[PDB]
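The block underneath contains the structure these notes are about, expressed in structure tokens.
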Amino acid sequence: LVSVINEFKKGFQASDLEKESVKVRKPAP
Amino acid sequence: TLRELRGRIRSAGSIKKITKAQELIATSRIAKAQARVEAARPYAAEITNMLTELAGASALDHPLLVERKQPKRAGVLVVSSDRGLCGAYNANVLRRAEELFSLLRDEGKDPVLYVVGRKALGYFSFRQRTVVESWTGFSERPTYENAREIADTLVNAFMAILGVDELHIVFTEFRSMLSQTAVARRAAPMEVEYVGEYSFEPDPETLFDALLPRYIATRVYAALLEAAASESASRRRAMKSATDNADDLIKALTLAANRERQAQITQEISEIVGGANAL
Amino acid sequence: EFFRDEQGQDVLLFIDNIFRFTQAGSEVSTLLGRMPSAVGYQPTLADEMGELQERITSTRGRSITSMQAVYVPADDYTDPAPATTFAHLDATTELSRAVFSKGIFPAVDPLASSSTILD
Amino acid sequence: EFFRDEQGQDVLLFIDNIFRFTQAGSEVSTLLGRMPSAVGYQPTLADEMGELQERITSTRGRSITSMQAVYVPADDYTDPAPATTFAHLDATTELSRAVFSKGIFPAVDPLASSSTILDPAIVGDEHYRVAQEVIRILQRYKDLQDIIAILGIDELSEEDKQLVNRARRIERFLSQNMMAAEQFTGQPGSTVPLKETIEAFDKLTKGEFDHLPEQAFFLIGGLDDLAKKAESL
Amino acid sequence: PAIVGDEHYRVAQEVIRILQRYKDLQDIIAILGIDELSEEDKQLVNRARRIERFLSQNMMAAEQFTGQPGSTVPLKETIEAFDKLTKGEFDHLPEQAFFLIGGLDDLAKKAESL
Amino acid sequence: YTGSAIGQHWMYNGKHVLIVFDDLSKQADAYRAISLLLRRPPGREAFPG
Amino acid sequence: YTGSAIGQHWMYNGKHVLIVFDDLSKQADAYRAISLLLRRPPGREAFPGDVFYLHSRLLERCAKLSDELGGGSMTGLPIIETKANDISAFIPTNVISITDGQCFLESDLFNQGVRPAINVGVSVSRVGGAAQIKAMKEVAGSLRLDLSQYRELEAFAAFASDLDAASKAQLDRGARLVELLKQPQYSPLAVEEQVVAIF
Amino acid sequence: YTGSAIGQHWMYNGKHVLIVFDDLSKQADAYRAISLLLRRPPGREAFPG
Amino acid sequence: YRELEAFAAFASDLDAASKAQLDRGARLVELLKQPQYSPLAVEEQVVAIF
Amino acid sequence: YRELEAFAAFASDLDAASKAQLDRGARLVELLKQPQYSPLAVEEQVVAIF
Amino acid sequence: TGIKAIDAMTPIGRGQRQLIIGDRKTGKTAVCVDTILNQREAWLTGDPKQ
Ligand SMILES: Nc1ncnc2c1ncn2[C@@H]1O[C@H](COP(=O)(O)OP(=O)(O)OP(=O)(O)O)[C@@H](O)[C@H]1O
Ligand SMILES: [Mg+2]
């Protein structure tokens, strides 16, 4: 029965936003 | 039925006592966490000041300041509590994280998870979403070491290794005792903010490159501290709600037990007088 | 009643304890063979309590006030004895050990105590 | 029974309230000198309910549908009259105070109500599967009531939190705007065919509607109306 | 203590104390969860869950309720085993290893089996 | 019953009546007392059927 | 008693009978009615004193007669309807203490999809293994106690996350056993199939 | 009552007495049995008035 | 609104619909609050409820 | 002590006075404990409670 | 009985009294009728011992 169970289990199919920033301290690039 | 009602009354009383104790402990820890949040403010202010100065002197070419030309991956650091009894804290944080994920996907980016706190790990595991790395055991009482570790991991992932072209932090702002709000901040790449109106060693570029990781670390530390404060505030609120519900439940169960006591007395009297009337 | 209607004096009738009046009524009813009411109390519980209480009222300007200690069985305010008693009681003063231990004589609990005239 | 036995018509026989039969028999009993039964009812309670009910049965070739309101006194479903009448009924719909106070009309308590034809051989496999999955969800929701009451849905596991959400949605979706309820609320009553309700509950248990708000399902009576009201919200 | 001896009385009363505390804590655990208990209370809950099952026994007359044969535990061994349990010497074994065993040797054998 | 008789007299004459019964639980108590004094076996909550 | 006598005539002739009583609570109600109409002073819950007797006198005639008396038997499956899931009422407990075992069909388990709804904790068959073929006894000897512990552990750990490996394995085994024991109506299994399933 | 009388004799002679009733619940049960066997009317928990 | 008050009594924040319902219900409850021996005619009730 | 019993777990977060009261109460409870058939004279009780 | 939950956990033996006890509509009569039906194979043997 164990052997049959194993061979069957082999063939069995299972169902299974804020932005962080640095202030550059100057007004323009 | 009366035995069950009395047992439930005892159980609800015990739960009421435990929840009241938790509420008072949370009230103490809210003050502790808020004091710790305020204690870190001077460091954040000063490091931000000198980082602004260095940026004024730096080339502003560090990778943390420039967007990747085609962004694909955006890491998300979801800060969550490591223990329950916090009401909607975890639910709010994870709902905002899902909102951020939807925003990222609508923009064409793929979110990759970094998580702090066991509850967030559970929530994401149930939904079959994998987490690159996760830390636990310090949302109740964070220390700068944990923030340093998180910041190092995030920054290294940003420099890369599959790597991430962006990174956000989703956590609970402790605006006040009565209110807390789940928010998301893009911690990198950082905007270079220009605002209207020094000497540097070894040079502004190397010093700025060594400073930016530290600035990110201290900002993540502040995020963790506010997360702990918000967690304790939500714990106080949820435990007061639980105590009130337990008191209402005790009232209802006492009323039911009294109805059943009176019914038992009346029924015994009915049986006795039925026997007596029949002689 | 004599002090009120004949001497024309205000009176203050203490009852200590009015549950024991109701319980004596129940015992007498059982002794007489009359079938018990809801919780073993006499069928005429309401009638007896009304006959005792309604006499405590003001007439021709004089009054009989009454302070009645009320034992509540099983801490049940829904029980027939307190339920019938409290339909007549206009005020409630609750003396508490918490207040007494703080030195605050008359020992009245400001919160637990209540009145129907505080309107 | 004249209409059944003699004229051979299909007969609908509505009683309201067949409890008031037994209650009447109780008073008579107290006056007839018969000693009281368990809680004051007549000793012959079961006999009288039998003599009344087993007359309502359907003879072989000729049918008499019947429906009886049964007032349970003091909301005590263990009272002898409801207990006696339970054994005589092919289908029972137990209305409850709890479901009533939530606004969920007809206030049918899904877990206590039952029928003898809710059997895969009679109603089909799909209907039975959907009904039993709904019952499973609702029973699991009932098992959590103390935890819901004390700590709220927040403390539950995710496998149970999702179940609680869709259980609330199933419970509210079992409500329907009855046509007899127009005189009280003003909304016209809706009728849901069996196929549509089976499909709707199959979809709802599987979670295909757990993104809509709870109020969307409340007194809506169908999938088309469900989507319409979801748009309304 | 004057009849059953000091050790027997102490062990029995400690077992009763642990079981009573566990009975009190069952209400809290059923809702708020064990993880929220005190660490001392959590260790005590584990000890109580092992003690409740160790008070079980495979009786001779119960052979047909369980299949396995009966067992007998001398009083000295019972006292010693419950002393160890209340002192925490067996807290590492799984709780299921304490069910229907009937002794310390049986405890060890079933723990090895698991 | 006397209140409802007074009211019914007006009611059948075409008048409109409003009857307040303050309070019917005290009538149930009195009827319970009468029934128990007549020794009619009581039912739920000692009330007769 | 009519059914018991019909069964007993076969029983004393050396033949095996199975008696279902559906439901003995309705016999108790009938006897209460008869007693009250005859004006016997009632006992508790208005039942007569003899109510217990009513059932024992009946259920004690279901016996396994010895070989001297023919070797016949009579198996009783009395059915009792409990009020509000209260197995601890008067008549339920009377019939429990008269009978060799319980099958406490609980509606909560029924609605969870555990059909036939045997509450393992409260149910028991004091005949036990002696009423099972040896294969069934060896395969499922400890099944009931294992399932009862599974239910207890489930109730204890519904809200725990520090579960050990052994406890998790026990939970998995118990869940699989419960699924194994689910069975639809009118789908009987021969005892060989049952032993394989429980194996 | 026998214990109370024995104690009362000492009590009135100027002596101090301590009386232990173990238990009065069984006193009440015995009185209930006597009263019910005498057909005295029963009340709550079948105790006489 | 009475059902929603329990939820909002401890929730940190709620949707716009929840807040609108809570405010409307609070105002309606204060509106229906009425002194004693001060019966309003039906038209006054109509205007007050409007 | 009876009100504070719930705080044995979180003793680390209580005020100094509360912790002192809890510690005193535990020992007072252990003091009221007493073995059977061994009554204490009033002087011994006074010293013990002292 | 043909039911695993009974033949495995609460076996019914010839001479036993097995009380099927439960609430309304919980599967009692189903169990009893299943037990009666499962005896058809034994009946078809023709042997009184079975
Ligand atoms: N094992 C089972 N699998 C599936 N359905 C079942 C099972 N057992 C019972 N049912 C169904 O559940 C309901 C229970 O009916 P049943 O006649 O068994 O109940 P009962 O306990 O005898 O109730 P009562 O005598 O109060 O009517 C019926 O729908 C029956 O078809
Ligand atoms: Mg049936």
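The way I read the labels, and the way they are meant: chains A, B, ... in the order of the structure tokens, residue 1 as the first residue of every chain, and ligand 1 as the first ligand shown, with later ones counted on from there.
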Just list as a PDB file with N, CA, C and O atoms, in the first residue's frame whatever in chain K DSSP marks as strand (DSSP E).
```pdb
ATOM      1  N   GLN K  18     -25.071   4.043  20.736  1.00  0.00           N
ATOM      2  CA  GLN K  18     -24.345   5.227  20.294  1.00  0.00           C
ATOM      3  C   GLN K  18     -25.350   6.356  20.133  1.00  0.00           C
ATOM      4  O   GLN K  18     -26.188   6.323  19.227  1.00  0.00           O
ATOM      5  N   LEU K  19     -25.264   7.359  21.000  1.00  0.00           N
ATOM      6  CA  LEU K  19     -26.213   8.463  20.993  1.00  0.00           C
ATOM      7  C   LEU K  19     -25.761   9.515  19.990  1.00  0.00           C
ATOM      8  O   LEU K  19     -24.758  10.198  20.209  1.00  0.00           O
ATOM      9  N   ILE K  20     -26.496   9.652  18.892  1.00  0.00           N
ATOM     10  CA  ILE K  20     -26.296  10.773  17.980  1.00  0.00           C
ATOM     11  C   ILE K  20     -27.018  11.976  18.566  1.00  0.00           C
ATOM     12  O   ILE K  20     -28.251  12.047  18.547  1.00  0.00           O
ATOM     13  N   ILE K  21     -26.259  12.919  19.102  1.00  0.00           N
ATOM     14  CA  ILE K  21     -26.831  14.049  19.820  1.00  0.00           C
ATOM     15  C   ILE K  21     -26.374  15.320  19.131  1.00  0.00           C
ATOM     16  O   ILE K  21     -25.194  15.466  18.801  1.00  0.00           O
ATOM     17  N   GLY K  22     -27.300  16.235  18.897  1.00  0.00           N
ATOM     18  CA  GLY K  22     -26.936  17.452  18.205  1.00  0.00           C
ATOM     19  C   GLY K  22     -28.097  18.413  18.127  1.00  0.00           C
ATOM     20  O   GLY K  22     -29.199  18.144  18.607  1.00  0.00           O
TER      21      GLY K  22
END
```
task = Show which residues sit within 8 Å of residue 79 in chain C, as a ChimeraX atom specification. Count only C-alpha atoms, and ignore same-chain residues fewer than 6 positions away.
result = /B:262 /C:39,72-73
Can you superpose chain F onto chain H by least squares over all C-alpha atoms paired in order and give the moved copy as a compact mmCIF listing (two decimals) with N, CA and C atoms, in the first residue's frame?
```
# COMPACT_ATOMS: atom_id res chain seq x y z
N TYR F 1 -28.92 25.56 67.54
CA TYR F 1 -29.67 26.08 68.67
C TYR F 1 -29.14 25.52 69.98
N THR F 2 -28.78 24.23 70.02
CA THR F 2 -28.19 23.70 71.23
C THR F 2 -26.80 24.28 71.46
N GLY F 3 -26.04 24.51 70.39
CA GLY F 3 -24.76 25.17 70.54
C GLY F 3 -24.89 26.57 71.10
N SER F 4 -25.86 27.33 70.59
CA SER F 4 -26.06 28.69 71.08
C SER F 4 -26.64 28.70 72.48
N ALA F 5 -27.39 27.66 72.87
CA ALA F 5 -27.83 27.57 74.26
C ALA F 5 -26.65 27.31 75.19
N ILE F 6 -25.79 26.36 74.83
CA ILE F 6 -24.58 26.12 75.60
C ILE F 6 -23.78 27.41 75.71
N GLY F 7 -23.63 28.13 74.60
CA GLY F 7 -22.88 29.37 74.63
C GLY F 7 -23.55 30.44 75.47
N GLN F 8 -24.87 30.56 75.38
CA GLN F 8 -25.59 31.59 76.10
C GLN F 8 -25.50 31.38 77.60
N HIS F 9 -25.49 30.12 78.04
CA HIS F 9 -25.38 29.88 79.47
C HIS F 9 -24.11 30.52 80.02
N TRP F 10 -22.99 30.33 79.33
CA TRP F 10 -21.75 30.99 79.72
C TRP F 10 -21.85 32.49 79.53
N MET F 11 -22.49 32.92 78.44
CA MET F 11 -22.53 34.33 78.09
C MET F 11 -23.19 35.15 79.19
N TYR F 12 -24.33 34.69 79.69
CA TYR F 12 -25.04 35.44 80.72
C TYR F 12 -24.37 35.34 82.08
N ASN F 13 -23.43 34.41 82.25
CA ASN F 13 -22.67 34.31 83.49
C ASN F 13 -21.43 35.20 83.49
N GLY F 14 -21.18 35.93 82.41
CA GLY F 14 -20.02 36.79 82.32
C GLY F 14 -18.88 36.23 81.51
N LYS F 15 -18.95 34.97 81.10
CA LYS F 15 -17.90 34.39 80.29
C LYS F 15 -18.00 34.88 78.85
N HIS F 16 -16.89 34.75 78.13
CA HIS F 16 -16.83 35.09 76.72
C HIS F 16 -16.82 33.81 75.90
N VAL F 17 -17.67 33.76 74.88
CA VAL F 17 -17.89 32.54 74.11
C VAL F 17 -17.60 32.82 72.64
N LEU F 18 -17.20 31.77 71.93
CA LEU F 18 -17.01 31.80 70.49
C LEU F 18 -17.75 30.60 69.90
N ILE F 19 -18.73 30.87 69.05
CA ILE F 19 -19.59 29.83 68.49
C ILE F 19 -19.26 29.72 67.01
N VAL F 20 -18.90 28.55 66.53
CA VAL F 20 -18.67 28.28 65.12
C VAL F 20 -19.82 27.43 64.64
N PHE F 21 -20.43 27.77 63.52
CA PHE F 21 -21.51 26.99 62.94
C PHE F 21 -21.10 26.50 61.57
N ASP F 22 -20.79 25.23 61.46
CA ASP F 22 -20.10 24.64 60.33
C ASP F 22 -20.91 23.47 59.79
N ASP F 23 -21.88 23.67 58.89
CA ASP F 23 -22.18 24.93 58.20
C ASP F 23 -23.69 25.21 58.10
N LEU F 24 -24.06 26.48 58.18
CA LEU F 24 -25.45 26.91 58.27
C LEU F 24 -26.26 26.68 57.00
N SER F 25 -25.64 26.51 55.83
CA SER F 25 -26.37 26.11 54.64
C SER F 25 -26.92 24.69 54.77
N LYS F 26 -26.23 23.80 55.49
CA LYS F 26 -26.71 22.45 55.79
C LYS F 26 -27.86 22.48 56.79
N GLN F 27 -27.91 23.45 57.71
CA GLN F 27 -29.07 23.65 58.56
C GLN F 27 -30.26 24.13 57.75
N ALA F 28 -30.03 25.05 56.81
CA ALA F 28 -31.12 25.51 55.96
C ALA F 28 -31.68 24.36 55.14
N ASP F 29 -30.81 23.49 54.64
CA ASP F 29 -31.28 22.32 53.90
C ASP F 29 -32.13 21.41 54.79
N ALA F 30 -31.68 21.18 56.02
CA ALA F 30 -32.44 20.32 56.93
C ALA F 30 -33.78 20.94 57.28
N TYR F 31 -33.82 22.24 57.53
CA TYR F 31 -35.08 22.91 57.82
C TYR F 31 -36.00 22.91 56.62
N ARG F 32 -35.44 23.07 55.42
CA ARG F 32 -36.23 22.93 54.20
C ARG F 32 -36.85 21.54 54.12
N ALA F 33 -36.06 20.51 54.44
CA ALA F 33 -36.57 19.15 54.41
C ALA F 33 -37.72 18.99 55.40
N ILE F 34 -37.53 19.47 56.62
CA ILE F 34 -38.57 19.34 57.64
C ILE F 34 -39.84 20.06 57.20
N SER F 35 -39.69 21.29 56.70
CA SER F 35 -40.85 22.07 56.28
C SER F 35 -41.58 21.40 55.13
N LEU F 36 -40.84 20.90 54.14
CA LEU F 36 -41.48 20.22 53.02
C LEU F 36 -42.16 18.94 53.46
N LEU F 37 -41.62 18.28 54.49
CA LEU F 37 -42.28 17.09 55.02
C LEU F 37 -43.50 17.46 55.85
N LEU F 38 -43.52 18.66 56.44
CA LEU F 38 -44.73 19.19 57.04
C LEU F 38 -45.65 19.84 56.01
N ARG F 39 -45.21 19.93 54.75
CA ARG F 39 -46.02 20.43 53.65
C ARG F 39 -46.29 21.93 53.77
N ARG F 40 -45.31 22.68 54.24
CA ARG F 40 -45.40 24.13 54.21
C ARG F 40 -44.93 24.63 52.85
N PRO F 41 -45.75 25.35 52.10
CA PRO F 41 -45.37 25.73 50.74
C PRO F 41 -44.05 26.48 50.73
N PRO F 42 -43.13 26.13 49.85
CA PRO F 42 -41.81 26.77 49.85
C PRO F 42 -41.78 28.04 49.03
N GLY F 43 -40.75 28.83 49.27
CA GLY F 43 -40.53 30.09 48.59
C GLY F 43 -39.36 30.02 47.63
N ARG F 44 -38.43 30.95 47.78
CA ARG F 44 -37.28 31.02 46.89
C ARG F 44 -36.33 29.86 47.15
N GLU F 45 -35.90 29.20 46.07
CA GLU F 45 -34.97 28.07 46.16
C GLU F 45 -35.51 26.98 47.07
N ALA F 46 -36.83 26.80 47.06
CA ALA F 46 -37.53 25.77 47.82
C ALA F 46 -37.47 26.00 49.33
N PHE F 47 -36.80 27.05 49.78
CA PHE F 47 -36.80 27.34 51.21
C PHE F 47 -38.12 27.97 51.62
N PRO F 48 -38.58 27.70 52.84
CA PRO F 48 -39.76 28.40 53.34
C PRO F 48 -39.42 29.83 53.72
N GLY F 49 -40.46 30.67 53.78
CA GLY F 49 -40.25 32.05 54.17
C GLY F 49 -39.65 32.18 55.55
```
task = At a cut-off of 12 Å, list the chain A residues touching chain G, using only C-alpha atoms, as number ranges by chain.
result = A: 1-2, 4-5
Once chain I is superposed on chain J with a least-squares fit on all C-alpha pairs taken in order, can you show it as a tab-separated table (two decimals) with C-alpha atoms, in the first residue's frame?
```tsv
chain	number	residue	atom	x	y	z
I	1	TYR	CA	-0.97	46.64	44.66
I	2	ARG	CA	-3.17	43.92	43.17
I	3	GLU	CA	-4.57	46.46	40.70
I	4	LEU	CA	-1.06	47.71	39.92
I	5	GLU	CA	0.34	44.22	39.33
I	6	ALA	CA	-1.69	43.83	36.13
I	7	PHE	CA	-0.37	47.15	34.80
I	8	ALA	CA	3.23	46.34	35.75
I	9	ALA	CA	3.00	42.74	34.51
I	10	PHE	CA	3.57	44.01	30.95
I	11	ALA	CA	4.64	47.66	31.18
I	12	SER	CA	8.35	47.99	30.42
I	13	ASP	CA	8.89	50.54	33.20
I	14	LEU	CA	6.91	52.60	35.70
I	15	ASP	CA	7.44	55.58	37.96
I	16	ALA	CA	9.37	55.29	41.21
I	17	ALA	CA	6.09	55.32	43.13
I	18	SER	CA	4.79	52.39	41.07
I	19	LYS	CA	7.91	50.30	41.72
I	20	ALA	CA	7.86	51.13	45.44
I	21	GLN	CA	4.19	50.15	45.69
I	22	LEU	CA	4.80	46.93	43.76
I	23	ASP	CA	7.68	45.89	46.01
I	24	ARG	CA	5.80	46.81	49.19
I	25	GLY	CA	2.74	44.89	48.05
I	26	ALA	CA	4.73	41.80	47.11
I	27	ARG	CA	6.42	41.80	50.51
I	28	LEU	CA	3.09	42.33	52.29
I	29	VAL	CA	1.51	39.46	50.36
I	30	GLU	CA	4.38	37.16	51.28
I	31	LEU	CA	4.01	38.37	54.87
I	32	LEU	CA	0.29	37.58	55.09
I	33	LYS	CA	0.88	34.13	53.59
I	34	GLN	CA	0.44	31.71	56.47
I	35	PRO	CA	0.52	27.93	57.02
I	36	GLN	CA	-2.43	25.90	58.32
I	37	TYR	CA	-3.17	24.93	61.92
I	38	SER	CA	-0.58	27.56	62.92
I	39	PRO	CA	-2.63	30.42	64.40
I	40	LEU	CA	-0.50	33.35	65.53
I	41	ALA	CA	-1.45	35.21	68.68
I	42	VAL	CA	-2.54	38.81	68.28
I	43	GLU	CA	0.75	40.31	69.48
I	44	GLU	CA	2.72	38.15	67.05
I	45	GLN	CA	0.38	39.37	64.32
I	46	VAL	CA	1.00	42.95	65.43
I	47	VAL	CA	4.77	42.53	65.16
I	48	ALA	CA	4.59	40.66	61.84
I	49	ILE	CA	2.37	43.33	60.28
I	50	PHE	CA	4.58	46.06	61.76
```
request  = Kindly provide, as a ChimeraX atom specification, all nucleotide and amino acid residues lying within 9 Å of ligand 1, counting only C-alpha atoms and all ligand atoms.
outcome  = /D:86-90,114-120 /G:22-23,79-81,105,110,113-117,182-187 /K:3,20-33
inquiry  = Distance cut-off 10 Å, counting only C-alpha atoms - which residues of chain D neighbour chain B? Return them as a list in words.
reply    =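 Here they are: residues 35, 36, 37, 38, 39, 40, 146, 147, 148, 149, 150, 151, 152, 153, 154, 155, 156, 157, 158 and 159 of chain D.
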Would you save the residues from that selection as a PDB file, in the first residue's frame, using N, CA and C atoms?
```pdb
ATOM      1  N   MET D  35     -52.163  20.871  34.082  1.00  0.00           N
ATOM      2  CA  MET D  35     -50.956  21.327  34.744  1.00  0.00           C
ATOM      3  C   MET D  35     -49.976  21.904  33.725  1.00  0.00           C
ATOM      4  N   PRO D  36     -49.222  22.930  34.104  1.00  0.00           N
ATOM      5  CA  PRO D  36     -48.336  23.582  33.138  1.00  0.00           C
ATOM      6  C   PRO D  36     -47.159  22.707  32.740  1.00  0.00           C
ATOM      7  N   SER D  37     -46.681  22.942  31.522  1.00  0.00           N
ATOM      8  CA  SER D  37     -45.501  22.281  30.976  1.00  0.00           C
ATOM      9  C   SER D  37     -44.253  23.102  31.268  1.00  0.00           C
ATOM     10  N   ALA D  38     -43.178  22.838  30.521  1.00  0.00           N
ATOM     11  CA  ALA D  38     -41.858  23.370  30.852  1.00  0.00           C
ATOM     12  C   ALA D  38     -41.904  24.817  31.325  1.00  0.00           C
ATOM     13  N   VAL D  39     -42.347  25.735  30.469  1.00  0.00           N
ATOM     14  CA  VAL D  39     -42.242  27.159  30.775  1.00  0.00           C
ATOM     15  C   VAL D  39     -43.629  27.783  30.797  1.00  0.00           C
ATOM     16  N   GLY D  40     -44.623  27.009  31.221  1.00  0.00           N
ATOM     17  CA  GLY D  40     -45.984  27.487  31.305  1.00  0.00           C
ATOM     18  C   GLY D  40     -46.878  27.075  30.160  1.00  0.00           C
ATOM     19  N   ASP D 146     -16.161  37.793  18.952  1.00  0.00           N
ATOM     20  CA  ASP D 146     -15.561  38.360  20.157  1.00  0.00           C
ATOM     21  C   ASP D 146     -14.299  39.152  19.839  1.00  0.00           C
ATOM     22  N   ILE D 147     -13.435  38.614  18.978  1.00  0.00           N
ATOM     23  CA  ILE D 147     -12.200  39.307  18.630  1.00  0.00           C
ATOM     24  C   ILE D 147     -12.506  40.572  17.839  1.00  0.00           C
ATOM     25  N   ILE D 148     -13.459  40.496  16.907  1.00  0.00           N
ATOM     26  CA  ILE D 148     -13.890  41.694  16.192  1.00  0.00           C
ATOM     27  C   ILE D 148     -14.366  42.749  17.180  1.00  0.00           C
ATOM     28  N   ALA D 149     -15.191  42.338  18.143  1.00  0.00           N
ATOM     29  CA  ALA D 149     -15.772  43.288  19.081  1.00  0.00           C
ATOM     30  C   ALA D 149     -14.701  43.954  19.931  1.00  0.00           C
ATOM     31  N   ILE D 150     -13.730  43.182  20.414  1.00  0.00           N
ATOM     32  CA  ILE D 150     -12.723  43.742  21.311  1.00  0.00           C
ATOM     33  C   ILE D 150     -11.663  44.509  20.528  1.00  0.00           C
ATOM     34  N   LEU D 151     -10.925  43.818  19.660  1.00  0.00           N
ATOM     35  CA  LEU D 151      -9.746  44.390  19.025  1.00  0.00           C
ATOM     36  C   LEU D 151      -9.980  44.864  17.597  1.00  0.00           C
ATOM     37  N   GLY D 152     -11.119  44.542  16.995  1.00  0.00           N
ATOM     38  CA  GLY D 152     -11.374  44.927  15.620  1.00  0.00           C
ATOM     39  C   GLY D 152     -10.675  43.997  14.642  1.00  0.00           C
ATOM     40  N   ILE D 153     -10.964  44.209  13.356  1.00  0.00           N
ATOM     41  CA  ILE D 153     -10.408  43.349  12.316  1.00  0.00           C
ATOM     42  C   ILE D 153      -8.898  43.469  12.208  1.00  0.00           C
ATOM     43  N   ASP D 154      -8.301  44.481  12.835  1.00  0.00           N
ATOM     44  CA  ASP D 154      -6.877  44.729  12.651  1.00  0.00           C
ATOM     45  C   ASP D 154      -6.025  43.571  13.152  1.00  0.00           C
ATOM     46  N   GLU D 155      -6.413  42.948  14.263  1.00  0.00           N
ATOM     47  CA  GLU D 155      -5.587  41.922  14.886  1.00  0.00           C
ATOM     48  C   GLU D 155      -5.616  40.591  14.147  1.00  0.00           C
ATOM     49  N   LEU D 156      -6.594  40.363  13.277  1.00  0.00           N
ATOM     50  CA  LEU D 156      -6.734  39.063  12.640  1.00  0.00           C
ATOM     51  C   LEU D 156      -5.592  38.807  11.664  1.00  0.00           C
ATOM     52  N   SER D 157      -5.400  37.531  11.342  1.00  0.00           N
ATOM     53  CA  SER D 157      -4.475  37.160  10.285  1.00  0.00           C
ATOM     54  C   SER D 157      -5.037  37.573   8.932  1.00  0.00           C
ATOM     55  N   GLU D 158      -4.147  37.719   7.951  1.00  0.00           N
ATOM     56  CA  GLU D 158      -4.581  38.167   6.633  1.00  0.00           C
ATOM     57  C   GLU D 158      -5.556  37.185   6.001  1.00  0.00           C
ATOM     58  N   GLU D 159      -5.279  35.885   6.114  1.00  0.00           N
ATOM     59  CA  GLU D 159      -6.198  34.883   5.586  1.00  0.00           C
ATOM     60  C   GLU D 159      -7.577  35.029   6.210  1.00  0.00           C
TER      61      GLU D 159
END
```
key: Expected answer as a PyMOL selection string: chain E residues within 9 Å of chain G, only C-alpha atoms   = chain E and resi 26+29-35+63-68+94-96+114
message = So that I can see what lies close to range 109-111 of chain D, please list as number ranges by chain the residues with an atom at most 7 Å from it, counting only C-alpha atoms and leaving out residues fewer than 2 positions away in the same chain.
response = D: 94-96, 99, 107, 113, 135, 139
Store the residues of this selection in a file with N, CA, C and O atoms, as an mmCIF file, in the first residue's frame.
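The resulting file, result_13.cif, is reproduced below:
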```
data_model
loop_
_atom_site.group_PDB
_atom_site.id
_atom_site.type_symbol
_atom_site.label_atom_id
_atom_site.label_comp_id
_atom_site.auth_asym_id
_atom_site.auth_seq_id
_atom_site.Cartn_x
_atom_site.Cartn_y
_atom_site.Cartn_z
ATOM 1 N N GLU D 94 -34.987 31.857 9.729
ATOM 2 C CA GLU D 94 -34.922 32.434 11.064
ATOM 3 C C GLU D 94 -34.433 33.873 10.980
ATOM 4 O O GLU D 94 -33.250 34.123 10.735
ATOM 5 N N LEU D 95 -35.343 34.816 11.183
ATOM 6 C CA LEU D 95 -35.002 36.228 11.235
ATOM 7 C C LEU D 95 -34.454 36.552 12.616
ATOM 8 O O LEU D 95 -34.863 35.948 13.610
ATOM 9 N N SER D 96 -33.527 37.504 12.678
ATOM 10 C CA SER D 96 -32.793 37.770 13.904
ATOM 11 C C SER D 96 -32.756 39.260 14.203
ATOM 12 O O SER D 96 -32.779 40.091 13.291
ATOM 13 N N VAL D 99 -29.263 40.887 12.832
ATOM 14 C CA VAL D 99 -29.233 41.243 11.418
ATOM 15 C C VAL D 99 -30.227 42.358 11.125
ATOM 16 O O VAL D 99 -30.022 43.163 10.210
ATOM 17 N N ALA D 107 -33.449 40.517 7.034
ATOM 18 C CA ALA D 107 -32.948 40.156 8.356
ATOM 19 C C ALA D 107 -32.839 38.653 8.546
ATOM 20 O O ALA D 107 -32.840 38.170 9.680
ATOM 21 N N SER D 113 -31.034 29.644 9.397
ATOM 22 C CA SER D 113 -32.033 29.259 8.413
ATOM 23 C C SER D 113 -31.532 28.093 7.571
ATOM 24 O O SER D 113 -30.342 27.979 7.269
ATOM 25 N N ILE D 135 -21.958 29.941 3.531
ATOM 26 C CA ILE D 135 -22.190 29.561 4.920
ATOM 27 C C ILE D 135 -20.869 29.400 5.654
ATOM 28 O O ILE D 135 -20.751 29.766 6.825
ATOM 29 N N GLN D 139 -19.984 31.564 8.885
ATOM 30 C CA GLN D 139 -19.706 30.893 10.149
ATOM 31 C C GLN D 139 -18.334 31.280 10.677
ATOM 32 O O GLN D 139 -18.156 31.484 11.883
#
```
